[PDB]
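Following: one structure in structure tokens, then a few remarks.
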Amino acid sequence: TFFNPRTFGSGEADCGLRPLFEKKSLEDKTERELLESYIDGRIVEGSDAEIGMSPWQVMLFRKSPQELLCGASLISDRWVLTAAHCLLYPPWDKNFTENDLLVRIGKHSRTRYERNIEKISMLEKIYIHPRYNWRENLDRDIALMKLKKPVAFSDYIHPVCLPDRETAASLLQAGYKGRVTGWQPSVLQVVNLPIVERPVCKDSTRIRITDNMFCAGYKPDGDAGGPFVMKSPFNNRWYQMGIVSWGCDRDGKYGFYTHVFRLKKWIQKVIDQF
Amino acid sequence: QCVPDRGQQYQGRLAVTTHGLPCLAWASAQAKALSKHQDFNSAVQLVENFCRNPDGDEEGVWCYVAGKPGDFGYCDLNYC
């Protein structure tokens, strides 16, 4: 394991294998798309997620009044990953701390209480990357949230894997497709997007793109904080390669994501400490 | 002359960012707290409050200007 169970909690060893799919040797309805490229011009739009298709999905809510703020992801039984701008953004007087928030895990429907399915947790502490660049381009848009109490895994709640150098090198390549999930539909929406070459992403915006980001999608004619995941054809596990940062629907859209592997050292140091 | 390797060898004394903000000492308590969980190249000398590029930032040398996340700025240097 890359993390220490003493501080990371449980879940790493069995990360990325969904109880309702891989654990039952079943594939969801669209993961095949992550391997095929359509050139018929079909509109790429978000569709309803299957039940238990993204068990690491986390909803970040304002505690009171209750309001959905951003997406996030479960990486262990007590750590959650999200975008830093979802918590901190001085230009907007935004500075949410642990007691102003709560997370809802294992949900399928955005609008109703899912008895015996969803779990609600309070936060013990929030960690923002020291060099999250809100003054310029949202470089290093990443934050960690520690749960007050560990959450119990189930068919609906399970952690995603974080990539290692080898996994990142093999999967994060232009052309390969990844999956983004988020939330007018009432259930979690899904969309598969291809990673776009850095020079092409650069060409689409005035914002300075960095090595700590990557983009995906299609040229124009949100689910900020949520995960961009890819399934490994080598070990069958789902990995979170990115965090929705800025910019993932169908007019024409280039989404920009925090490059998770590039910031893994920081993640390790933070967790190895608290 | 032009500064190479995006300033990773810079030994200068520039201590102000491009936007005119004064740099904080790397040894200051607030700076060390911000640097604590980052990955710096021990080779880069964090002297006084001079601009440096310890993390290999593609944008170049920079320095802290306060003690909260994101409180840093790049310094105006001439790269090759």
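Protein chains in written order, with the deposited numbering: chain B, 279 to 461, 476 to 513, 523 to 548, 551 to 577; chain A, 169 to 248. Ideal Cβ placement from N, Cα and C applies to all residues, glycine included.
- Contact between the segment 526–533 of chain B and the segment 449–461 of chain B is present, with at least three C-beta pairs closer than 8 Å.
- The Cβ neighbour count for B/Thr445, taken over all protein chains shown within 10 Å, is at least 16; the residue is labelled buried.
- Rounded to the nearest whole angstrom, the C-alpha separation of B/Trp547 and B/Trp334 is 21 Å.
- DSSP assignment within the segment 299–356 of chain B yields no whole alpha helix (DSSP H) run of 4 residues or more.
- B/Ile501 is positioned such that its CB atom lies closer than 7 Å to that of B/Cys493.
- For B/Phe286, the enclosing alpha helix (DSSP H) has its first and last residue at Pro283 to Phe286.
- Proximity to B/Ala508 across B/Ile406, B/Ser342 and B/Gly555 peaks at B/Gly555, based on C-alpha coordinates.
- Within the segment 193–211 of chain A, the residues whose Cβ lies closer than 9 Å to any Cβ of chain B are, in chain order, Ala201, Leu202, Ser203, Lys204, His205, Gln206 and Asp207.
- Within the segment 365–439 of chain B, the beta strand (DSSP E) runs of at least 3 residues that lie entirely inside it are, in chain order, 379–383, 397–406 and 421–425.
- Sixteen is the threshold: when 16 or more other Cβ atoms of the shown chains lie within 10 Å of the Cβ of A/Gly241, as they do, the residue is buried.
- Taking a contact to require three or more Cβ pairs closer than 8 Å, the segment 424–433 of chain B and the segment 532–543 of chain B do not qualify as touching.
- Just so you know, the alpha carbons of B/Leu380 and B/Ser288 end up roughly 21 Å apart.
- Just so you know, the alpha carbons of B/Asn282 and A/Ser196 end up roughly 31 Å apart.
- Of all residues in the segment 211–241 of chain A, only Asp223, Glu226, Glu227, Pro237, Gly238, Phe240 and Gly241 place a beta-carbon less than 8 Å from a beta-carbon of chain B.
- For B/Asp378, no CB of chain A lies under 7 Å from its own CB, so it is not counted at the interface with that chain.
- The three-state reading of DSSP puts A/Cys248 in coil, since its state is none of H, G, I, E or B.
- Counting along the chain, B/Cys493 sits inside no beta strand (DSSP E); it lies in the alpha helix (DSSP H) bounded by residues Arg490 to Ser496.
- The beta carbons of B/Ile353 and B/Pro437 sit about 5 Å from each other, so the pair counts as a contact at 8 Å.
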